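Written below as structure tokens is the structure these notes are about.
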Amino acid sequence: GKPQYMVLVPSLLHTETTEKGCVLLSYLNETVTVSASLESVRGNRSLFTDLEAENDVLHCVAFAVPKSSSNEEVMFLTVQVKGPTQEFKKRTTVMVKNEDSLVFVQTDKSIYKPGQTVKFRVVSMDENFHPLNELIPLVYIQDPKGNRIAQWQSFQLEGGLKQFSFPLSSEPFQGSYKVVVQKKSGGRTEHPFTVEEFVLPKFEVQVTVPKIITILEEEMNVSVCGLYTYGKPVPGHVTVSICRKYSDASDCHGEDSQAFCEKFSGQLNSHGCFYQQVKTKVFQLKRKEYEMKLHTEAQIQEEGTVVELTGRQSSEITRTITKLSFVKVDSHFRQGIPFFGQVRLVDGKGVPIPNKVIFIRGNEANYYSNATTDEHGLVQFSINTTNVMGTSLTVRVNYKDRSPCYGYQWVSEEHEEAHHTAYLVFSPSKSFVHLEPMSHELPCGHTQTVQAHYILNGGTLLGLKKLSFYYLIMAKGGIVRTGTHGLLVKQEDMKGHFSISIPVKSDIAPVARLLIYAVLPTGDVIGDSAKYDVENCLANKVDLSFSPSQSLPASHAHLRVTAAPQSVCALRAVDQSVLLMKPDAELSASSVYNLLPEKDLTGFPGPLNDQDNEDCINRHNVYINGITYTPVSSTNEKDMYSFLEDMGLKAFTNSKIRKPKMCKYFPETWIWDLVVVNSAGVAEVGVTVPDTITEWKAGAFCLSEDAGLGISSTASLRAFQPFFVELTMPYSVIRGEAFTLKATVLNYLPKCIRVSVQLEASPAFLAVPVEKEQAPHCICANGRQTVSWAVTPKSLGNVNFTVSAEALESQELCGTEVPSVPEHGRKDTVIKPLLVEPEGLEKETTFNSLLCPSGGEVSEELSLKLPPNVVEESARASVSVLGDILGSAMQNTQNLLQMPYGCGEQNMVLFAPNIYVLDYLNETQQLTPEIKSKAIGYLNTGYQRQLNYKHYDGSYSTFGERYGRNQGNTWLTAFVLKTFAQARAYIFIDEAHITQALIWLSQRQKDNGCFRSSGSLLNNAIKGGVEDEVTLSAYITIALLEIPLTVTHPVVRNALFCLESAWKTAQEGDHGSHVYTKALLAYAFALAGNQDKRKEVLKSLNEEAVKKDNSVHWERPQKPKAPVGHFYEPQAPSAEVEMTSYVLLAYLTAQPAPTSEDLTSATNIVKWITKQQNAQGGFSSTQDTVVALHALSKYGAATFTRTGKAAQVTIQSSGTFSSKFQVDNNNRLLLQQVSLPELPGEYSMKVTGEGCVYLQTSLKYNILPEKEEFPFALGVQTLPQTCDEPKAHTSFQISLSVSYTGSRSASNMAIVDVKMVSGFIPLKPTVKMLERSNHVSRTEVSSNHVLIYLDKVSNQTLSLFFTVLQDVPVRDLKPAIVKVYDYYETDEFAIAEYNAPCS
């Protein structure tokens, strides 16, 4: 044997990965050494790899290349085989690249409810699937518009796992969200996931159909079952339509536009609902047909006759039938060793046809046999190989070209025969080794040997007594296992058995590309390469377990989880509905192998390895010297170099080895935890959700530091209740009216039982059953029993009615079997709250008063007047004690008030006070991290739904691009930017918004004209004069100055000119009449440090104020006096709370320090603003409330007192019962509220101690006057005026004609508050009809309250209409009320009444 080296290196060298390799010396008798130098292109980074050699045996080697700066480097590789006999070297190019960590993701479901929160696990690991601890630089969530909702800074996921809570908002816009995680090495990974309010379908079709159909067939089996919510179909009469479509159906746009077809109808009664056998003789066609369609019209009779016309287009023609497919054909045939062809016969639908005799096209060597199919439609066969160049293979099943009219299309009516042509391997020594491939996927763990066939043909002349033979397995881009096996031959050896065994483990990639080879003393090397598929197995075999079939209320459910010792598991508990929605993301189990980039090495991927052209020995292309001129032109062979190339790695050979020739339902997510295996497993208690009807599918994966990844199974933990029933009660109800309670129990157990129902009476209501008997009724398996009560409420407020139901034990009645004890759950008790509203609308008044004992005693007397229209027992006098001034608003920021926050401004009052209160807590350093976390959550919610108001230009209008308004309003942009100023310090409000909104409203500027407005100013009433270009300019300056920004910035530099010039001109212009402008100017001067003009503004504002009980109160210039005869009503003014709050805040904002005189004036302003502040934290005027609450926040910032520990509150009624309270430092923020039921003013509280105490006093009472004075007009009617038709009881149109009388009151944006008569859910689509009509933008409805967002009033009357639906027959006596009022000042209200049309 002449000297010859051989070394294999995987041409996917990864930076951090230790590149395992192999070396070998073949027939050199002198001991030498080898060196592998890795020189770098465009520079010099040489990684030498020098090591020993063995004359006949190989050995493994591993090395790790340095972290290359370049992303993907195509760097030269040279191996220096140092030998005293001869020196051997070879240069080549290999491709190295930085190996980014594998980061798969979660968020269990890709589709959400609006009001839910995201759970968001992220996991990282390297090529080996054990997790790695890396600092991830960037993770963020993206909306359809590309805006960044949230963001997390550089974190380190310990153990390869770290969760991320993230909430959503009430109405997030729904195109599509996506999760993008950016790795530390550039490339980012994505995960789509959407949110939407899906559908509430009352019943759906579930039909099985032949999704594809034979060209020559008669019958189709079609079953039609309509399941409504759970699988108790209770269906009616269906009329199913099978409409076929011919070729170019409806394309002939003349005399016809339809496709001929036929329809059916049928009855449905039980689980076996409707089984429609479908004849097919007049069906689509045997010629000129494209694709039929399947549409079903399910309809029920005993209930609502709504028809669900469903389109299930799962229907495709299959003109080609009985297709033959190659499932295992040996792609490269060998002359001497037969290759084993294995074909598959199968019907066009997909089922194999057993026992079918086929005919094999042996295109060469004439293999013509009448083989037959197996039970699986399988045929196996071999062909003897003594041939020349190449053999072709084909099947024979039909031979036919039938009667069909046109042969223009490809062969369709017959079976498209399967063709294949194998190519001959380049055998330089007339010899080779063949390896038998495998078709079925290789099982892990269980070892499986593969047979090898060899031939020598006398090539191994020198080789004797030892035929060393080697195998190499390539997976995941690298060599995994090496090994050898011997042969004992001194002959020329033909076909034989050379079985080798490979232990299949999880370490192998999903693809298992396996090569074998044998070195010959002649210098050549023979071998083979085979591919395998491996079932996805992971190094961890996890277990998930429960106590299944548990009761629905049974909280206790132990989750035993066993995995690799001391690993970290990611529990994922969710219902089956989510799995039904969509196949999970790789199931988190299956295609995690697919996640690995470049999983299979097809061979030198990338054009950069175009170095194989080295010799081009085909320069002697002259024809072979012979009698016949036969030139060698093409060699469609596969050399051993080509085989090793197809393996995908560089091969280095001393001798010739290359060929010389060249040139749906409800999600309700569940348990989401991170448990740790206690070296043997872990049990986990899991509280089952009181949502019985769904099946819970549990899956989880675990990861250990040394062990790989894991997956167990998909456990289920189904819960079923035999006596479960759903109550049917109105959401709201009238105290005067009474209703008919209805309750039906649903049996879900096969046991034939008899449940007994019983109601639990309370002193708040009386209940009388509609039936006289009280015995349990005969309700057998899968039956429902309807029971009812005549219920009249007595006490107002919230009442949580409860009803218990259970089957009485050991009672022998109707059922032949009476198993009254099915399971642990027998007593079925459910609770549903009920709202009892008294007669008439509630008037809300506030009598809060700030009293400071200041080391002494203070007292106050409460007076309560009841107007004669007050209904009986409507008064609810609640008094709360708050140490802090802004306490109530601290507790209930979200439900701050009525006004459910539809447009931009109200969303911003939902948003900003959270910022201001949190800043106040940060200043006072009692941050109390749990309330801070609550503030974070609600504030991050509030940042969402502002994007609903962002259009492309960057302006946040009241409605934005939504509903087709390409309008930009500068005021709201300024407000939202002012809020986002301090918002960014907490929740990372994306810089893109503050930069783009700053680019806008700044390009919109004229030199001395300072930010001219395009959108209309709101509530012109607050500003009696025109006052344009002054109010809004002054406001926008302070808004964009609140963000960190000084006079040096160009916009304010050009702006302050306008403010000073405007103040100088107004100094000589109109005498006063611009107090709002002056207050804005006062605050602007306070911000800019222009005290030398600020104090001059303040001195004028002092006289322009109105003083009352040592509490200075600025007053509205036009002096509106709408209220008459009511001292309660003066809590409305919306303009008097700005100029006062603005001058307060300007007083407070002293750049050096708030001076003592400033605090003295602040006390006098705070007294009035607190006495004007509505309870429940309301302070009716809304954006007005934002500004005033920020003013109070800045007041409390400078008016802090940590020494106010001792304080005693002794509130005493003038009658019998008194109450006591204490507010120290830690209770300064804790709300202390009690109920004080007494209609008259019989209350007098005494406060002692140290410091200041805020006493909040409010009460609500119900009245209903008529024919009063209203600046609006409320013309509500019904359809009909009086109902006579029975169908008019359920649904009826309601007229909403609203007009506006006094345009000088300048009320612009107003809403109508529409309440239902105790039993009506309004039709959402009939109200959704409104928005296309002008002056009606958004019409959300919630909890019997229909709200219409009237954009702007008019002298003309605007009529609105919609339709409601009756659910509970609640008709004794109540004329329900409807309200209308303006957003930005609440004193204009035109309460009138519309009665139920049938009562």
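Residue numbering restarts at 1 for every chain of the structure tokens, chains are lettered A, B, ... in their displayed order, and ligands are numbered from 1 as they appear.
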
- Query: Excluding same-chain residues fewer than 6 positions from residue A:850, what lies within 12 Å of it counting only C-alpha atoms, as an MDAnalysis selection string?
  - Reply: chainID A and resid 858:860 881:886 1163:1164 1166:1173 1245 1247 1251:1257

Write a file of the just-selected residues containing N, CA, C and O atoms, as a short mmCIF file (atom, residue, chain, number, x, y, z; two decimals), in the first residue's frame.
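The resulting result16.cif:
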```
data_model
loop_
_atom_site.label_atom_id
_atom_site.label_comp_id
_atom_site.auth_asym_id
_atom_site.auth_seq_id
_atom_site.Cartn_x
_atom_site.Cartn_y
_atom_site.Cartn_z
N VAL A 858 -61.16 70.25 66.13
CA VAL A 858 -61.96 70.89 65.10
C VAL A 858 -63.23 70.07 64.89
O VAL A 858 -63.27 68.86 65.14
N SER A 859 -64.29 70.74 64.44
CA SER A 859 -65.58 70.10 64.26
C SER A 859 -66.33 70.77 63.12
O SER A 859 -66.03 71.90 62.72
N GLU A 860 -67.32 70.05 62.59
CA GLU A 860 -68.15 70.55 61.50
C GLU A 860 -69.52 69.91 61.62
O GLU A 860 -69.67 68.83 62.20
N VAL A 881 -62.93 58.74 55.49
CA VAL A 881 -61.86 59.51 56.11
C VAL A 881 -60.57 59.19 55.38
O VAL A 881 -60.14 58.03 55.33
N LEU A 882 -59.94 60.22 54.81
CA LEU A 882 -58.70 60.07 54.06
C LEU A 882 -57.66 61.02 54.64
O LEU A 882 -57.91 62.22 54.75
N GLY A 883 -56.51 60.47 55.02
CA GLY A 883 -55.43 61.31 55.51
C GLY A 883 -54.87 62.23 54.44
O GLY A 883 -54.63 63.41 54.69
N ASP A 884 -54.67 61.70 53.24
CA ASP A 884 -54.16 62.49 52.13
C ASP A 884 -55.29 63.27 51.47
O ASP A 884 -56.46 62.90 51.54
N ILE A 885 -54.92 64.38 50.83
CA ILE A 885 -55.89 65.18 50.11
C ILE A 885 -56.44 64.40 48.92
O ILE A 885 -57.66 64.30 48.72
N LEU A 886 -55.55 63.84 48.11
CA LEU A 886 -55.91 63.07 46.93
C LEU A 886 -55.87 61.58 47.28
O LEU A 886 -55.06 60.81 46.76
N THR A 1163 -53.03 77.58 50.20
CA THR A 1163 -54.02 77.10 51.16
C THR A 1163 -55.41 77.62 50.81
O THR A 1163 -56.39 76.86 50.80
N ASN A 1164 -55.52 78.92 50.51
CA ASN A 1164 -56.79 79.52 50.15
C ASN A 1164 -57.36 78.96 48.85
O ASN A 1164 -58.59 78.87 48.72
N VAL A 1166 -56.62 75.78 47.70
CA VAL A 1166 -56.87 74.38 47.98
C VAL A 1166 -58.17 74.21 48.74
O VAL A 1166 -58.92 73.25 48.49
N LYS A 1167 -58.47 75.11 49.67
CA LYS A 1167 -59.74 75.02 50.39
C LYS A 1167 -60.91 74.98 49.42
O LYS A 1167 -61.74 74.06 49.47
N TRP A 1168 -60.98 75.94 48.51
CA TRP A 1168 -62.06 75.95 47.54
C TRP A 1168 -62.02 74.76 46.59
O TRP A 1168 -63.08 74.20 46.28
N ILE A 1169 -60.85 74.37 46.09
CA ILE A 1169 -60.83 73.30 45.09
C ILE A 1169 -61.22 71.97 45.72
O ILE A 1169 -61.84 71.11 45.07
N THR A 1170 -60.88 71.78 47.00
CA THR A 1170 -61.31 70.58 47.71
C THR A 1170 -62.80 70.62 47.99
O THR A 1170 -63.50 69.61 47.82
N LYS A 1171 -63.32 71.78 48.42
CA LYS A 1171 -64.76 71.90 48.62
C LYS A 1171 -65.54 71.75 47.32
O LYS A 1171 -66.73 71.42 47.35
N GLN A 1172 -64.89 72.00 46.19
CA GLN A 1172 -65.47 71.83 44.86
C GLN A 1172 -65.21 70.45 44.29
O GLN A 1172 -65.78 70.10 43.25
N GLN A 1173 -64.38 69.65 44.95
CA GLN A 1173 -64.01 68.34 44.43
C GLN A 1173 -65.08 67.31 44.76
O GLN A 1173 -65.37 67.07 45.94
N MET A 1245 -69.23 65.81 63.05
CA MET A 1245 -67.98 65.09 63.29
C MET A 1245 -67.00 65.99 64.03
O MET A 1245 -66.95 67.20 63.79
N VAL A 1247 -62.88 66.23 64.98
CA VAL A 1247 -61.56 65.74 64.61
C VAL A 1247 -60.54 66.35 65.56
O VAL A 1247 -60.50 67.57 65.74
N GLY A 1251 -51.87 67.55 62.70
CA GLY A 1251 -51.83 67.55 61.26
C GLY A 1251 -53.15 67.92 60.61
O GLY A 1251 -53.98 68.61 61.21
N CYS A 1252 -53.36 67.46 59.38
CA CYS A 1252 -54.58 67.74 58.63
C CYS A 1252 -55.28 66.44 58.28
O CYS A 1252 -54.64 65.42 58.01
N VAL A 1253 -56.61 66.48 58.30
CA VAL A 1253 -57.45 65.33 58.00
C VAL A 1253 -58.46 65.75 56.94
O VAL A 1253 -59.15 66.77 57.10
N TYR A 1254 -58.56 64.97 55.87
CA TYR A 1254 -59.54 65.23 54.83
C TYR A 1254 -60.75 64.33 55.03
O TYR A 1254 -60.63 63.11 55.07
N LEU A 1255 -61.92 64.96 55.16
CA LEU A 1255 -63.17 64.25 55.43
C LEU A 1255 -64.05 64.34 54.20
O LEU A 1255 -64.50 65.44 53.83
N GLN A 1256 -64.30 63.20 53.56
CA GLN A 1256 -65.07 63.12 52.33
C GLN A 1256 -66.50 62.70 52.64
O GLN A 1256 -66.73 61.68 53.29
N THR A 1257 -67.46 63.50 52.18
CA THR A 1257 -68.87 63.28 52.50
C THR A 1257 -69.69 63.41 51.22
O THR A 1257 -69.65 64.45 50.56
#
```

- What's the 7 Å shell around stretch 1055-1058 of chain A, counting only C-alpha atoms, without same-chain residues fewer than 5 positions away, as a VMD selection string? chain A and resid 1008 1010 1037

- DSSP on the backbone: what in stretch 1180-1229 of chain A comes out helix (DSSP H, G or I), as a PyMOL selection string? chain A and resi 1182-1198

Could the residues in this selection be saved with C-alpha atoms as a short mmCIF file (atom, residue, chain, number, x, y, z; two decimals), in the first residue's frame?
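What follows is the written file out06.cif:
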```
data_model
loop_
_atom_site.label_atom_id
_atom_site.label_comp_id
_atom_site.auth_asym_id
_atom_site.auth_seq_id
_atom_site.Cartn_x
_atom_site.Cartn_y
_atom_site.Cartn_z
CA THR A 1182 -62.91 65.43 33.28
CA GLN A 1183 -59.76 66.74 31.56
CA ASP A 1184 -60.51 69.51 34.00
CA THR A 1185 -60.02 66.85 36.69
CA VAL A 1186 -56.68 65.87 35.16
CA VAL A 1187 -55.37 69.41 35.46
CA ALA A 1188 -56.78 69.99 38.96
CA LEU A 1189 -55.50 66.64 40.25
CA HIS A 1190 -52.02 67.40 38.93
CA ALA A 1191 -52.28 70.75 40.72
CA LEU A 1192 -53.13 68.96 43.97
CA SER A 1193 -50.28 66.51 43.36
CA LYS A 1194 -47.84 69.40 43.10
CA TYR A 1195 -49.43 70.91 46.22
CA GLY A 1196 -48.90 67.72 48.21
CA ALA A 1197 -45.35 67.54 46.88
CA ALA A 1198 -44.43 70.69 48.83
#
```

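For the pair atom CA of residue A:138 and atom CA of residue A:119, the interatomic distance is 17.4 Å.
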
Please report, as an mmCIF file with N, CA, C and O atoms, in the first residue's frame, each residue of stretch 1016-1123 of chain A to which DSSP assigns strand (DSSP E) when run on this structure's backbone.
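Generated output (result_14.cif):
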```
data_model
loop_
_atom_site.group_PDB
_atom_site.id
_atom_site.type_symbol
_atom_site.label_atom_id
_atom_site.label_comp_id
_atom_site.auth_asym_id
_atom_site.auth_seq_id
_atom_site.Cartn_x
_atom_site.Cartn_y
_atom_site.Cartn_z
ATOM 1 N N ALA A 1105 -59.671 87.602 40.872
ATOM 2 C CA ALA A 1105 -60.312 86.519 41.600
ATOM 3 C C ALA A 1105 -61.507 87.045 42.394
ATOM 4 O O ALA A 1105 -61.696 88.252 42.570
ATOM 5 N N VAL A 1106 -62.326 86.117 42.880
ATOM 6 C CA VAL A 1106 -63.439 86.423 43.771
ATOM 7 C C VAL A 1106 -63.190 85.696 45.083
ATOM 8 O O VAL A 1106 -63.056 84.467 45.105
ATOM 9 N N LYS A 1107 -63.132 86.450 46.177
ATOM 10 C CA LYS A 1107 -62.809 85.894 47.483
ATOM 11 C C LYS A 1107 -64.089 85.557 48.237
ATOM 12 O O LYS A 1107 -65.035 86.352 48.257
ATOM 13 N N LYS A 1108 -64.113 84.379 48.857
ATOM 14 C CA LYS A 1108 -65.293 83.917 49.583
ATOM 15 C C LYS A 1108 -64.842 82.995 50.701
ATOM 16 O O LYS A 1108 -64.291 81.921 50.430
ATOM 17 N N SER A 1111 -61.152 82.041 50.903
ATOM 18 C CA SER A 1111 -60.783 81.081 49.867
ATOM 19 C C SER A 1111 -60.977 81.754 48.516
ATOM 20 O O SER A 1111 -62.112 81.903 48.050
ATOM 21 N N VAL A 1112 -59.874 82.158 47.897
ATOM 22 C CA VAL A 1112 -59.905 82.913 46.650
ATOM 23 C C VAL A 1112 -60.420 81.989 45.551
ATOM 24 O O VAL A 1112 -59.979 80.844 45.425
ATOM 25 N N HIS A 1113 -61.389 82.473 44.781
ATOM 26 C CA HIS A 1113 -62.029 81.685 43.737
ATOM 27 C C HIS A 1113 -62.135 82.531 42.480
ATOM 28 O O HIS A 1113 -62.940 83.466 42.419
ATOM 29 N N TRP A 1114 -61.314 82.215 41.489
ATOM 30 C CA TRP A 1114 -61.452 82.826 40.181
ATOM 31 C C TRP A 1114 -62.791 82.423 39.566
ATOM 32 O O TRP A 1114 -63.307 81.330 39.800
#
```

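The smallest atom-to-atom distance between residue A:63 and any of A:47, A:1239, A:1350, A:519, using only C-alpha atoms, is found for A:47.
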
- Message: Excluding residue A:709 and its own-chain neighbours fewer than 5 positions away, which residues fall within 7 Å of it when counting only C-alpha atoms? Please give them as JSON, numbers by chain.
- Response: {"A": [129, 130, 538, 539, 540, 702, 703]}

Write out the residues from the selection above, keeping N, CA, C and O atoms, as a short mmCIF file (atom, residue, chain, number, x, y, z; two decimals), in the first residue's frame.
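The result, written out as again_17.cif:
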```cif
data_model
loop_
_atom_site.label_atom_id
_atom_site.label_comp_id
_atom_site.auth_asym_id
_atom_site.auth_seq_id
_atom_site.Cartn_x
_atom_site.Cartn_y
_atom_site.Cartn_z
N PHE A 129 -29.42 20.92 23.08
CA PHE A 129 -30.62 21.60 23.53
C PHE A 129 -30.66 21.83 25.04
O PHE A 129 -31.73 22.10 25.58
N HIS A 130 -29.52 21.73 25.73
CA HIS A 130 -29.46 22.22 27.09
C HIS A 130 -29.45 23.75 27.08
O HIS A 130 -28.76 24.37 26.27
N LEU A 538 -36.24 13.83 22.89
CA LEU A 538 -35.42 14.75 23.66
C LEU A 538 -34.80 14.03 24.85
O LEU A 538 -35.30 13.00 25.30
N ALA A 539 -33.71 14.59 25.36
CA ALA A 539 -32.93 13.97 26.42
C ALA A 539 -33.69 13.83 27.73
O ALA A 539 -33.27 13.05 28.59
N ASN A 540 -34.80 14.55 27.90
CA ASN A 540 -35.60 14.47 29.11
C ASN A 540 -36.94 13.83 28.81
O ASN A 540 -37.62 14.21 27.85
N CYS A 702 -39.31 20.72 30.33
CA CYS A 702 -38.30 20.92 31.36
C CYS A 702 -36.91 20.91 30.74
O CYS A 702 -36.67 20.25 29.73
N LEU A 703 -36.00 21.65 31.36
CA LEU A 703 -34.64 21.79 30.86
C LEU A 703 -33.67 21.77 32.03
O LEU A 703 -33.83 22.53 32.98
#
```

- Determine, counting only C-alpha atoms, which protein, DNA and RNA residues have an atom within 10 Å of an atom of residue A:779; residues of the same chain fewer than 5 positions away are not included. Present the result as a PyMOL selection string. chain A and resi 745-747+752-756+784-786+807+814-815

- Message: With only C-alpha atoms as the counted atoms, please give the residues lying no more than 9 Å from stretch 827-831 of chain A, apart from itself and same-chain residues fewer than 5 positions off, as a ChimeraX atom specification.
- Response: /A:721-727,800-807

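Interatomic distance, atom CA of residue A:1139 to atom CA of residue A:1312: 28.6 Å.
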
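What separates atom CA of residue A:1284 from atom CA of residue A:1328 is a distance of 27.7 Å.
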
- Message: Taking 6 positions as the minimum chain separation for residues in the same chain, which residues sit within 12 Å of residue A:1070 when counting only C-alpha atoms? Answer as a PyMOL selection string.
- Response: chain A and resi 1025-1027+1062-1064

Writer output for current selection, N, CA and C atoms, as a PDB file, in the first residue's frame:
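The resulting file, result_36.pdb, is reproduced below:
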```pdb
ATOM      1  N   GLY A1025     -64.804  84.798  25.293  1.00  0.00           N
ATOM      2  CA  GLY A1025     -64.292  85.477  24.124  1.00  0.00           C
ATOM      3  C   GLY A1025     -63.716  84.510  23.109  1.00  0.00           C
ATOM      4  N   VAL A1026     -63.382  85.045  21.933  1.00  0.00           N
ATOM      5  CA  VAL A1026     -62.780  84.216  20.894  1.00  0.00           C
ATOM      6  C   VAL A1026     -61.435  83.670  21.362  1.00  0.00           C
ATOM      7  N   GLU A1027     -60.596  84.535  21.940  1.00  0.00           N
ATOM      8  CA  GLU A1027     -59.367  84.171  22.651  1.00  0.00           C
ATOM      9  C   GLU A1027     -58.513  83.153  21.901  1.00  0.00           C
ATOM     10  N   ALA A1062     -48.419  88.733  23.468  1.00  0.00           N
ATOM     11  CA  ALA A1062     -49.851  88.642  23.703  1.00  0.00           C
ATOM     12  C   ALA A1062     -50.243  89.188  25.065  1.00  0.00           C
ATOM     13  N   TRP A1063     -49.447  88.926  26.104  1.00  0.00           N
ATOM     14  CA  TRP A1063     -49.766  89.496  27.407  1.00  0.00           C
ATOM     15  C   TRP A1063     -49.605  91.010  27.395  1.00  0.00           C
ATOM     16  N   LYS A1064     -48.584  91.517  26.698  1.00  0.00           N
ATOM     17  CA  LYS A1064     -48.399  92.962  26.613  1.00  0.00           C
ATOM     18  C   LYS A1064     -49.547  93.625  25.861  1.00  0.00           C
TER      19      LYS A1064
END
```

Each residue of stretch 1121-1160 of chain A with at least one atom at most 8 Å from stretch 1084-1095 of chain A should appear once, together with its nearest atom pair and the corresponding distance in Å (one decimal); atoms considered: only C-alpha atoms; ordering: chain, then increasing residue number; output as JSON lines.
```
{"residue": "A:1146", "atom": "CA", "partner": "A:1086", "partner_atom": "CA", "distance": 5.5}
{"residue": "A:1147", "atom": "CA", "partner": "A:1086", "partner_atom": "CA", "distance": 7.7}
{"residue": "A:1149", "atom": "CA", "partner": "A:1086", "partner_atom": "CA", "distance": 5.9}
{"residue": "A:1150", "atom": "CA", "partner": "A:1086", "partner_atom": "CA", "distance": 6.5}
{"residue": "A:1151", "atom": "CA", "partner": "A:1089", "partner_atom": "CA", "distance": 6.5}
```

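Ranking A:1397, A:1335, A:993, A:17 by their shortest atom-to-atom distance to residue A:98, with only C-alpha atoms included, puts A:17 first.
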
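Of the residues listed (A:1296, A:158, A:487, A:429), A:429 shows the shortest atom-to-atom separation from residue A:461; distances use only C-alpha atoms.
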
Residues of stretch 731-806 of chain A within 9 Å of stretch 1371-1383 of chain A: nearest atom pair and distance (Å, one decimal) for each, counting only C-alpha atoms, sorted by chain and number, as CSV?
```
residue,atom,partner,partner_atom,distance
A:734,CA,A:1374,CA,7.2
A:736,CA,A:1373,CA,6.8
A:737,CA,A:1372,CA,5.1
A:738,CA,A:1372,CA,6.3
A:739,CA,A:1371,CA,7.2
```

Same residues, N, CA and C atoms, output as a compact mmCIF listing (two decimals), in the first residue's frame:
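File selection.txt, as written:
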```txt
# COMPACT_ATOMS: atom_id res chain seq x y z
N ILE A 734 -85.50 46.79 38.56
CA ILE A 734 -86.10 47.91 39.28
C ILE A 734 -86.63 47.44 40.62
N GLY A 736 -89.11 48.90 42.20
CA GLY A 736 -90.56 48.90 42.06
C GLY A 736 -91.07 47.71 41.26
N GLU A 737 -90.38 47.39 40.16
CA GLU A 737 -90.80 46.28 39.33
C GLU A 737 -90.43 44.94 39.97
N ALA A 738 -91.08 43.89 39.49
CA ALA A 738 -90.74 42.52 39.85
C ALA A 738 -90.56 41.72 38.56
N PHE A 739 -89.79 40.65 38.66
CA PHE A 739 -89.47 39.86 37.48
C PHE A 739 -89.73 38.39 37.80
```
